[PDB]
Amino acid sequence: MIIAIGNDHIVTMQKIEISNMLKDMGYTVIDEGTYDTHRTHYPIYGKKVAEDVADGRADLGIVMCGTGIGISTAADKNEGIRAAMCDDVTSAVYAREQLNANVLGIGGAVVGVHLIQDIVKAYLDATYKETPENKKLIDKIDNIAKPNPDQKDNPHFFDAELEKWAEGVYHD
């Protein structure tokens, strides 16, 4: 199985720990998230991971940022993705079994590494079991957003923002 993973600069160390664990477990990992700890933007990596999963390059995705909210939300805002923000094992298992979530988001910085490992393991070990009830929920979720071909598979989608950043538009 192939797992795509991504992160922003706040949790690169936690991402590394999970990448190591996934490989030891026998998974093939596609690391998309940022590789160092230089200030960057979570939507970039959430989108990259989302597309790996949506395009079939990866089976599932895992994204992390300080709280996980930013990157998991970015991942969710893509065609073919159902991203679940889960800082606990219980909701993560629910996410997979009931919503067939294909992207798991976790808050590095707020969840300790041992619990992060448990969440990931539980999520992966879980299996989606279709029911008339959750099939209906899933269908609803898959049809809320309006597809934008300009975003789909466009790695330059955020270039306008990146230039504004380089030009000091987003100063504190």
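Just count from 1 along the sequence shown to find any residue number.
The PDB entry reports B-factors from which the mean C-alpha value can be compared for 53-61 and 112-120; the larger average falls on 53-61. Averaged over CA atoms, B-factors in the entry run higher in 163-171 than in the other of 1-9 and 163-171. Within the group 138, 30, 103, 106, the record's highest C-alpha temperature factor is found at 138. Based on the entry's C-alpha B-factors, the most elevated value among 38, 41, 47, 129 belongs to 129. In the deposited entry, the Cα temperature factor of residue 152 places it in the highest third of its chain's modelled residues.
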